[PDB]
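This report refers to the structure that appears directly beneath it.
These values consider heavy atoms only, across backbone and side chains, with no hydrogens, waters or symmetry-generated copies. Labels below follow one simple rule: chain letters A, B, ... track the order of the sequence lines, proteins then strands, and each chain is numbered from 1.
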Amino acid sequence: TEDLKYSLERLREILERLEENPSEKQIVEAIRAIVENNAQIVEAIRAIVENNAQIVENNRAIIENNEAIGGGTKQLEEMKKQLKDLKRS
Amino acid sequence: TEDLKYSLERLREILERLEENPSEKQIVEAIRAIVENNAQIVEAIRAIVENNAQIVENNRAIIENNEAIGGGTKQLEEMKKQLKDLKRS
Amino acid sequence: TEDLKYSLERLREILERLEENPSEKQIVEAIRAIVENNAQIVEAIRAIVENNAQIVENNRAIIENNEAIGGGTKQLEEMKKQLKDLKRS
Ligand SMILES: [Br-]
Ligand SMILES: [Br-]
C-alpha cells in the first residue's frame, strides 16, 4: 500500500513537468506512468479480494459457534430440569 | 478480478503501439482505454465496499456470542454451587 | 465511494471534449484528471485496507470463543457425569 502511494507520487512529479513545458514524449511518459500505477492498483485490489476470503471463513465459524452455543444452552436447561425434578425426590 | 486483469492487458498493448509509433489518435485511444480501466477499478472498489458490510455483521454476531457464552458460564457456576451445596444435604 | 463515481464521471466528461476536438491542452487536462482520479482510488484502497484490520480482530475473537465453548462443553460433561454418579449413589 506504500508502493501505491509512491507510484502516485512519481506520477504527480511527471505531471508537474508536463504542465510546465508540454511535450509529446512527456505525454507518453505520463501515460506509461499511469499504466504502471494502474497495474499496482490492480495488484492491490487482487490482494484485497484474496484476503477478503477470510470474511467467509469467519462467517462459517460464527455460524458453527451459534450452533454449539445452542446445544450447550439446551443441555444446561435440561440439567436444571433434572435437578429441580430430582431435588423434589 | 479477471475483467480487471484483462483491461490492464489491453492497456499494455495500446501503450505498446503508442511507444512504437507515437500519434495523436493513439494518445487519445490510450486515454480512452485508461478511462475504461478506471471505470472497472471503481466498480471493483464498489463491490469490495459492498461486500465488506459483512465484516460489520460478523462483529455484531461475535459480540452476541460473547454475551451468550458469558451467560452460559455464569449458569454453570451457579449450577456447580447448587450441586456442591446439595452434597452437604 | 461517491467521490470515486463523480471523479470518474468528470473524467468521462473531459474525454468527450477530447474526442470531440483533440487538443494538447485537453490531452494534458485529461491526464491531470486521470491523476486526481487515481489519487482518490488510492485513498479508497487505503481505507479498505485499514478497515480490513477488523477481519483479523474478528478472527481472533472467534478463536477465543471457540476455546470458551470448548471449556464450557467440558465442564458440562463433567457435571453430567457427576450427577449420574450421585443419582446412582
Ligand atoms: Br470478518
Ligand atoms: Br463467535
Side-chain angles (χ1 to χ4, degrees), chain A residues 1 45-66 68-73 85, chain B residues 1 44-66 68-73 75, chain C residues 1 44-63 65-66 68-73 85:
Chain A
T1 163
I45 292 170
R46 190 224 99 258
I48 292 169
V49 167
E50 105 179 294
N51 162 281
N52 277 21
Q54 183 61 20
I55 301 165
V56 173
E57 296 296 344
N58 281 355
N59 228 101
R60 294 159 183 174
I62 297 164
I63 269 165
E64 291 171 15
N65 288 2
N66 291 337
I69 291 160
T73 285
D85 220 13
Chain B
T1 307
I45 291 165
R46 192 222 98 257
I48 289 169
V49 169
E50 180 207 311
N51 164 278
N52 278 18
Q54 180 55 42
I55 301 170
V56 179
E57 314 287 297
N58 275 358
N59 183 233
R60 283 165 192 173
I62 295 165
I63 272 159
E64 296 182 8
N65 284 6
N66 255 107
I69 295 157
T73 294
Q75 288 163 55
Chain C
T1 137
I45 288 161
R46 193 219 100 258
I48 292 168
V49 169
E50 96 169 309
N51 173 277
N52 277 15
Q54 182 61 35
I55 304 166
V56 178
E57 322 272 38
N58 278 358
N59 186 42
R60 286 166 193 169
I62 299 160
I63 282 169
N65 287 355
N66 283 328
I69 293 158
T73 291
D85 225 356

Problem set entry | Charged N-O contact under 4.0 Å between C:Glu50 and C:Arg46 | yes
Problem set entry | Spatial distance of atom CG (C:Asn51) from atom CD1 (C:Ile48) [nearest 0.5 Å] | 8.0 Å
Problem set entry | Note, A:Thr1 side chain near C:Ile45 side chain (heavy atom, < 4.5 Å) | no
Problem set entry | Distance, nearest 0.5 Å, that separates CD of A:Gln54 from CG of A:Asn59 | 10.5 Å
For this session: Hey, could you give me the CD1/CG distance between B:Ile62 and A:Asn66, rounded to the nearest 0.5 Å?
Result: 10.0 Å
Problem set entry | B:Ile55 vs C:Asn52 side-chain heavy atoms within contact, under 4.5 Å | yes
